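The chain below stands alone and is given in structure tokens; this is the form deposited in one PDB entry.
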């Protein structure tokens, strides 16, 4: 039901729903947006992004995606807007990329749909424990930045350069002195909705902040993301693409967008 295609089991995993008792509730997908099904929220205090002090450490490929870890022993990469439930520091981020240039980003706004997206994960520091944040509806906060193909993104070059060295899962690479400022789009608009299974356990600990301004990346850049593998080294070649699940009906998604 409601699953003609699912990332995992071809027509949607049944065992998943029966393995997680919490399936008693309603949530599968992180978000699903419609211009009509989205409610604007007042010009409350914007999201203060302070990651000029962000210190990247390492980049790692773990089968389903490739993550770059930042240090948060101090308030290096900080994100907090007005009324919220904590300060969410940046710990890592990864990119989404669909096999076809007209899919992959997810978070489809009525008719939207992009080939790629940048997903930055922030963790609520006031509980001093990432797993504790996972056990909280507001425990995490993530930034979703759509990627559109066209003009090249000079700031993206850094990660594109190292993609070939993180091709297969299991291997790691040093990735220090990275600045996320080079990833900034033009307009800073966003949607804000708590997301589901965007985490190991089937729960809604994530707060999705999806930017309405997609960044411009070039074909040469996006093509190199398609060079990554799900497999490890010395394993049957598979291309790290899509890695996303179809969006869900009003059966537990209603969108809000807090901006002037």
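Residue numbers count along the first chain shown, from 1.
The discussion below concerns the form solved in complex with a small molecule, not included here.
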Whether 50, 80 and 210 jointly form a contact site for the small molecule in the deposited complex is the question; each needs a heavy atom within 4.5 Å. no
How about residue 92: is it within 4.5 Å of the small molecule in the deposited complex, going by heavy atoms? yes
Using a 4.5 angstroms cut-off on non-hydrogen atoms, would residue 192 count as touching the small molecule in the deposited complex? no
In the deposited complex, residue 28 touching the small molecule (heavy atom, 4.5 Å): no
Is residue 199 a contact residue for the small molecule in the deposited complex, using a 4.5 Å heavy atom cut-off? yes
